[PDB]
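Coming up is one lone chain in structure tokens, specifically the form deposited in one PDB entry.
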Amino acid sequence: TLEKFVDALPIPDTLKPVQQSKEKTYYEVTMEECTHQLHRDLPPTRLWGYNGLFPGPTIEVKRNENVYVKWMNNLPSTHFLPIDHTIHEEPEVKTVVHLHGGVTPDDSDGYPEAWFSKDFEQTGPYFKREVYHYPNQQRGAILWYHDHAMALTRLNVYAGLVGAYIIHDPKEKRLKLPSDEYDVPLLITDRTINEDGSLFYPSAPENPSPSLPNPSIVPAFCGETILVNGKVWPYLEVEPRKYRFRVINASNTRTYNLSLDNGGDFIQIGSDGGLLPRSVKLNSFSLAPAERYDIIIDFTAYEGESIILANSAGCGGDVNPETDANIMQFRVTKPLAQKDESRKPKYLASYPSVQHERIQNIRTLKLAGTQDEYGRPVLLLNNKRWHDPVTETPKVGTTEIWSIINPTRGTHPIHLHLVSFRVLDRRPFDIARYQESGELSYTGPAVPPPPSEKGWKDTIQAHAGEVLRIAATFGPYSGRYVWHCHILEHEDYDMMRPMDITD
């Protein structure tokens, strides 16, 4: 296997606007097939990248900055990864960009059926506009952008269409958090790479039933190799001081459970939806697909050391000490450019619990599924298909509790568009009894969220055998959005539903 920690961590350049005034910032981003070397010892890999980069350029905006992005498809007319044509003439290559976490008007949110082919020659039934509008009227946070095209999301994302998008609120500057060169995104993606450098994505389950189409979707993808910022097991040279990292799980299926191999702590300062009310000292943390952790790592006491960012979470089996147990390596050998004037404050933001919204509605939602004519599992939210008439129809400006029941064997990272939400609690229940009768009998008391989940979230781990309750205020925009599992292999077949916020 590939030798760990021989390539420096790339830092994506920050995207420069095509036009910018006090009233408007305008960007252009073009999807291109490109080649890049993912490791010292590999031939260049063919990829799909925003502006021909993997990851795409980092976009930085201010809170309330009036931003437009023209996202363009200049990709080949044929894909290079295996398309399953049975899960959904139309063009083969359909794309649409979703700003994950964005408080975004519905026609700029990247609805799966708002796709477009090269040069917008053909467009999906929900397409309205070429140039997307992000007003950014929302808390400072780590967002990220990625492809969202119907039935192709797991492939277009795996091909390399992911990037970071950071909202900076000037009111947070007074906290003196590590900034500029000392504020670094870490986009983590697992990949399997062939000898010739080409990406491998499975054409079918291992030992495929002859009943299966070819290609066939698979219910989960676990990559043999871990990349950060588009390089296999990289190293980053850091100064002996405080750094802020924006950690983004941009993987299709894999969940990470991260730690430092010298026993050092992370200080979590933010979740999906922005700063936590209070910083949280952690030895380890779980990060499922699309979750973000905003953290400080303090390298002050570790000068000279090499520290491995390690992973303990299996993906289809236990971690391998030599491969997926490793993410990246910090080397604390960079000379100080200046005095560390950054801070690691305890008091960060107002508590979400300061809010006292009336509960308009309580929705009970089950995570389930069925079997198709080929014998494959089809994952379903509330036993509805994507194409079934809309059922999740919250009223604009109102707050609901969603009770998510998971009787399956695994965790699903549930994501809602537009909003961030509060976590209320989790409670274990009797799976057998629920499967046999539909009755919910609890086997233990409710567990309130840990400190890492006392702020705002948009993607939430719903564990097996538990009911998870969240509270969300649906606003400020009305329109047609989506909610779904963020395991992309589940999302595409068929664990995604429309969500109408009604006026």
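Basically, rigid core = biggest C-alpha set you can superpose within 1.5 Å across the two forms. Throughout, we count residues from 1 along the sequence that is shown.
The next section is about a form of this same protein that is not shown, the form deposited with a small molecule bound.
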Problem - the small molecule contact in the entry with it bound: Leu260, any heavy atom under 4.5 Å - result: no
Exercise for the section: Please check if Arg469 has a heavy atom lying within 4.5 Å of any heavy atom of the small molecule in the entry with it bound. Expected result: yes
Practice task
Check whether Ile401 has any heavy atom within 4.5 Å of a heavy atom of the small molecule in the entry with it bound, and answer yes or no.
Solution key: yes
Problem - Interface membership of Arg426, the small molecule in the entry with it bound, 4.5 Å heavy atom rule - result: no
Handout entry: Partner-proximal stretch of 178-186, 294-302, 348-356, 120-128 relative to the small molecule in the entry with it bound, 4.5 angstroms, heavy atom
Key = 348-356
Handout entry: Candidate site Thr78, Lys94 and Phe116: all three near the small molecule in the entry with it bound by heavy atom within 4.5 Å
Key = no
Handout entry: Listed residue (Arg246, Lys366, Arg154, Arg422) with a non-hydrogen atom within 4.5 angstroms of the small molecule in the entry with it bound
Key = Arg422
Problem - Of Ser478, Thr473, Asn51, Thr35, the one that lies within 4.5 Å of the small molecule in the entry with it bound (heavy atoms) - result: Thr473
Problem - Listed options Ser353, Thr370, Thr300, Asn194; Cα moving by 2 angstroms or more between the shown form and the other one (core superposition) - result: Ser353
